[PDB]
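Engineer: Experimental coordinates for this protein are included below, preceded by the sequence.
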Amino acid sequence: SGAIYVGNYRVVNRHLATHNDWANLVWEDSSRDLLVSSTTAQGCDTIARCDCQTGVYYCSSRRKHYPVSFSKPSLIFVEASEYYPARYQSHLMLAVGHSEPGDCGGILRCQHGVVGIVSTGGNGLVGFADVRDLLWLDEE
Ligand SMILES: [Zn+2]
């Protein structure tokens with residue numbers, strides 16, 4: 001589990017979104033595994049605006065933050081998980097590291113701020129849904 005809080009937005013894995021999220025929907029994209037809902041309180045997070053490929057991510061199934069190198073966001077085939085069938089996921093970054101389903105929502109951060117959240121795992125990789133292209137998260 002986990003979310004990003006920026007402005008009056010809450011960014012969550014689409015597959016973990018709640019009824020309240022869907023009832024206060026700003027934007028969602030199944031192909032990206034992302035959903036954004038509206039918040040009353042202002043968020044603590046800053047979104048990275050950059051093309052970093054190194055950062056640190058939180059792994060709940062290890063209670064640890066790990067430094068990682070990761071690929072640039074792309075359209076990647078993802079094997080079946082507990083929460084999706086095998087499918088193509090867009091805007092996905094991969095790193096070598098540990099990720100189980102409940103690790104979804106852990107933040108990946110670089111020197112510029114939040115890069116994305118954990119969205120995929122298995123076979124010794126961790127996949128992250130990028131948010132750095134969502135420039136509208138920083139305004140309105
Ligand atoms: Zn960066």
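Structural biologist: Looks like it came in fine. Residues are numbered from 1 along each chain as shown.
Engineer: Please list the residues of the protein that sit near the ion.
Structural biologist: Neighbours of the ion within the chain, by C-beta under 5 Å from the ion: 48, 50, 52, 110, 112. Every C-beta, even on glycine, is put in place using the N, C-alpha and C of the backbone.
Engineer: any chance you could map the helices in this structure?
Structural biologist: For the chain, applying DSSP state H gives helices covering 19-23.
Engineer: that older thread, considering the residues of the chain next to the ion, which possesses the most neighbours?
Structural biologist: Tallying neighbours with other C-beta atoms under 10 Å puts residue 48 at the head of these, with 20 neighbours.
Engineer: Please name the residues that touch residue 102.
Structural biologist: By C-beta atoms under 8 Å, 6 or more residues apart in numbering, the residues touching residue 102 are 1, 60, 61.
Engineer: Just give me the closest of those residues to residue 27.
Structural biologist: residue 1 (20.1 Å; C-beta to C-beta).
Engineer: residues near the closest one, how many?
Structural biologist: Residues near residue 1, counting by other C-beta under 10 Å: 12.
Engineer: same deal with residue 132?
Structural biologist: Residue 132, neighbours per other C-beta under 10 Å, totals 21.
Engineer: do residue 24 as well
Structural biologist: Residue 24 has 14 nearby residues by other C-beta under 10 Å.
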